[PDB]
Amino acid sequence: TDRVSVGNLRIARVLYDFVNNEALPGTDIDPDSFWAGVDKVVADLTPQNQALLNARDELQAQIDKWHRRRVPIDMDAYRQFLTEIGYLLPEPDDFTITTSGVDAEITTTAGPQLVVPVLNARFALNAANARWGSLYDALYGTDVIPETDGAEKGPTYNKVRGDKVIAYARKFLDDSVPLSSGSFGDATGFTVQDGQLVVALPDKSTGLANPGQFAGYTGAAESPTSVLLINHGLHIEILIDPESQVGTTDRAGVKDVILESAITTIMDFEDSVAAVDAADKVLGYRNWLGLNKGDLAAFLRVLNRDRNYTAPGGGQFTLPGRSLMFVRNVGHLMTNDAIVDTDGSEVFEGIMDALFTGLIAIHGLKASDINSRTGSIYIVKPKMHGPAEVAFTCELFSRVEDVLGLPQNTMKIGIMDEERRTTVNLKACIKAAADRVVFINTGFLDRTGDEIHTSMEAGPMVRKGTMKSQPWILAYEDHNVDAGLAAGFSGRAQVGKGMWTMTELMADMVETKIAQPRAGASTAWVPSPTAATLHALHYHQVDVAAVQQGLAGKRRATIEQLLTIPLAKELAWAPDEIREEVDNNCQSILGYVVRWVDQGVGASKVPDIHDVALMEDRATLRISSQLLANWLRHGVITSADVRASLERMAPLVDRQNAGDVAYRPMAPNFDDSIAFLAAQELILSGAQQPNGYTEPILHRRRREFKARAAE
C-alpha cells in the first residue's frame, strides 16, 4: 500500500488522488491548505479522542467491579455510585437550542426518514429519489393488501388485488383530505374552478372540507393531469390519466396516488456498510460526492429534478424532488489505515469522515444540476457516550469548517441517543451542541447493545424478544422526547425514533409504527423507499405538531427507571427456550457476518429462527453477540452449546445463500472459514470488546479475508 507524505501523515494513494482530483475541484480550496489542515487537525485532536476512549474503558471497569462485588439491587447506591465516578452528571438548567440555518425538511416537516448504505449507489439513488413514491405500488407489491383468495400477486396484473389497492387509497384520501360531503370512493372527476378544487360525485359536486388542503395541480385546470394536495405538511398527488391501464377501470380515471415519502435520507458510512481500507472508504466517498454534485448515475438511473405545479390561484411553483440528505459519519471508536503516521499508527476514522464528508458536502450547496437550500451540512454522529463526547464532536466540526473555508456552525449534527451514558445525560449532550444540534434519535438496537454490555457483570439478561418491553427502554424512548421538546425541538429540530427491521412485514409496520408519531416523534427510520411511502400514511393520521404541544413540560421517566437493568428472573427459562434463543442468535450472527467478511456487505436481510426476514447491521449483531456473551458469562449456556449451535445453523446459512452466486460456504470446514471464526470470536470474545462494539473484530477479519484472497 503506497502512501503520500503530508507532514506526520502517510495518506494512502487512492484516497490522496481521489480527494485531489475529484473532491477538491470546484470548492476553491487549495490542495496544500487542505492536506495541511488534515495534518494539523489530526495532530491536534487525536489526543482527546483517545482520552475519551480510555474514559469509556475506565468507567466500564468500575461498573464491572461494582457489580462483581454485590451479593438484591439497591438502586440508590448504584445511582450514588455512578454519580461519584462521573458516569451520571448534573442536569443543566433548562435552555433552548439556537441552531440556525436549518432546512424546512428538518425544522418543520414531520415524516419518514430513510437510511441507506452509501456504498450501494443503486440504493443511494433510490433513497434520494424516495421523496416521492407510488402508493399503489407500495400497497400492491407488499402484504398491506393481504394475498387472500383472488387478490394474490401474480406474474401479470391482478385486478382483484388492484381494486383493493384503489379502495385502500380512497379511504386514505377520505381519512386525510376529506370532502364536504361524500367519499373519494364515489368520485367521477376533478376540476379546479375559481381557484378551488371541485370533485364530481354521481349526483352532485363537492369541494374539500378544508379547501386550504388544496395545493395545486398540473395540466389544464378544466381537466387536470393531476391534483396536488397537502395535509400535515406532507404532499399527496392524485395522478389522473383515464387511458392508463389502471386508470381506465377507475371511476375517476385515477392512475396512482403519489405520496411525499422520504422527507430526509441518511447516507450511511457506519453500521450498514463494510469499509475497512482506503479502497472501501473511497467507494463510499465517491458515491457521496456524486449525490452532492447531482450526477450519481447507474441501466442509466439518475437523480430526479424538482417538480413543477400550478398554484390554485393560477401561478407557478416548484417543490423539492429529492430527499434532503444527511450523511452518517462513523463515531469516535475506530481507526482506519487509509491514513497512518510516521510511527505507522492508524488514524481515527471519525476525524477522517468529518474532513472528507464535509469537504464533499460543499458541492451540495452549489449549482451542479443542490441539497440544503439554507446553507447547512447535516452529519449524523453515532455512538457517543456522554456530553464531553458531544463537545468533542463540536470542536472537531469547528476545526474542519475553517480548514474548509465554511462559516462556523455550518456542519450541523444529528445526535444519536444510542449509548447508555448518553441516555442518562441526554440534556447535557443536547446542551453541548445547542447551536449545532439538528436532531436527536433513539438508536434502540445500539442502545440495547450498550445496555447489555454495561451491566454484563450484574447477571443474565432477558431474551432479545423481551427487550422491546423492558422498563428501561420504555423510559428511554419517553425521556428522549421530553428532553427534545424541553430544549425547544418543536419547529427547530427533529425528534426521531428507530428502525423497522422487518422488511417484508408491511402490514405489521403500517399497523405498529404509528406508535412513533403518536409518541411525539416528528421523524422515524424506514429501511426502503417503499417502507417510506407506507410510513408516510402514519403522519397523515397523526398530527405530530399537536402531539408535541400536548407533551410540553411533561417529565415522564425517572432516572431510577432509566437505570432499570433488564436482568432475568431466577430459573426463568426452560431448556428448549434457551436452545431456541441461542440457535436464533447464532443464525442471525452467522448470516450477517458471512456476507460482511466474505463480501463486504454491511447490511443484509437475514431470516431469524422463525424465518422472519430481518435487515441486520452492526447494531443488531451487537445485540445478538452481546446477549450470548452474557448468558456465557453467567452460566446459562456452555462453550460447547455455542460451538454446537454455530455448527448447527451455519449449513442452514450457506443454504439460504442459495440466492447468491460466487459465495464461499462455511460448513463443513469451520476452522477454514474466516467468516465462521469471526462469528465465533464475536461471541466468545464478546465480553472484552469495548462497550460491546463489533467493528474491531469485523474490521480485522474482513482485512484478513481480503489478504487471503491475494494469492
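A residue's number is simply how far along the shown sequence it sits, counting from 1. Heads up, when I say rigid core I mean the largest set of C-alphas that superpose within 1.5 Å between the two forms.
Averaged as a root mean square over residues and superposed structures in 7 other deposited structures of this protein, CA distances to the shown form are larger in 72-80; the pair compared was 72-80 and 327-335 with a core fit. Rigid core superposition in 7 other deposited structures of this protein puts the Cα atoms of one stretch, out of 605-613 and 456-464, farther from the shown form on average, and that stretch is 605-613. Notably, residue 317 is never a gap: all other compared entries of this protein, restricted to those modelling both its neighbours, have coordinates for it, so the one-third criterion is not met.
Compared with other entries of the same protein, residue 28 falls outside the group left without coordinates by a third of them; all model it where both flanks are modelled. In this entry, residue 369 and residue 370 are separated by 4 to 9 residues of the deposited sequence that lack coordinates.
The modelled chain is continuous from residue 559 to residue 560, with every intervening residue of the deposited sequence accounted for. Legend: mean Cα B-factor per stretch from the PDB entry, 164-172 versus 240-248; the higher mean is in 240-248. Stretches 561-569 and 191-199 differ in mean CA B factor, with 191-199 having the higher one. Of the candidates 277, 306, 271, 417, it is 306 whose Cα B-factor is highest according to the PDB record.
The PDB entry gives the largest Cα B-factor of the residues 610, 281, 535, 618 to 610. Looking at the C-alpha B-factors along this chain, the one for residue 114 belongs to the lowest third. In the PDB entry, residue 504 places in the middle third of its chain by CA B-factor.
Ranked against the other modelled residues of its chain, the C-alpha B-factor of residue 522 as given in the entry falls in the lowest third. Ranked by C-alpha B-factor against the other modelled residues of its chain, residue 45 falls in the middle third.
Per the PDB record, residue ranking by Cα B-factor puts residue 661 in the highest third of the chain.
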